[PDB]
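In structure tokens, the next block holds one chain alone, the form deposited without the ligand.
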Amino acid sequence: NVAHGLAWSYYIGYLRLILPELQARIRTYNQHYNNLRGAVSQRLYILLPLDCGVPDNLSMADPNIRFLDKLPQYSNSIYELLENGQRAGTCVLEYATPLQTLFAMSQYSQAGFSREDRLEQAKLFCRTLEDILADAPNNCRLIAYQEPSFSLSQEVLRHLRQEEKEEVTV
């Protein structure tokens, strides 16, 4: 069951190293984006395409997701989200790199690892990660989505607004 370990290693070996510093860096940044003319969500957003298809470049993949800026120090990028050519949201967005690992396996013959299997481990990966995140010492949402009526910018824009509702409320 490879997903169990990929999840842990991604957390222990990556997430728990950037996320502490995260919301500071974003806060530090956000001053100027205010002055220059918007805000950047405080959570890191992670794309979990259950297809395990990670583009080498996210912006070219979805038209409505333009690159905007690199966040100052670990390499993180601020994307703007679009509606009608209008800036509609802005966050730090990333792909869960361990999917690349599940995808390479399903193209590795001696692995005997099928797409059947890969989708299964993908969901498992997503599940187990979420649990890890639950007990961890909130600046980090998981966005699992099965490519089909579906705009990726919209799924992201959805969470994005839900984040701002929770802030002004609680």
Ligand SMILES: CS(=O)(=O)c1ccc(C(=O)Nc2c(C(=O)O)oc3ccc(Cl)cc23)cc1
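One rule holds for the numbers: they count along the sequence shown, beginning at 1.
Just so you know, the form solved in complex with the ligand exists too; it's not on screen, but the next bit is about it.
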**Asked** Quick one: is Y33 in contact with the ligand in the deposited complex, heavy atoms, 4.5 Å cut-off?
**Response** yes
**Item:** Contact flag, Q73 vs the ligand in the deposited complex, heavy atom cut 4.5 Å
**Value:** yes
**Asked** Would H159 count as touching the ligand in the deposited complex under a 4.5 Å heavy atom rule?
**Response** no
**Asked** Is there a non-hydrogen atom of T28 within 4.5 angstroms of a non-hydrogen atom of the ligand in the deposited complex?
**Response** yes
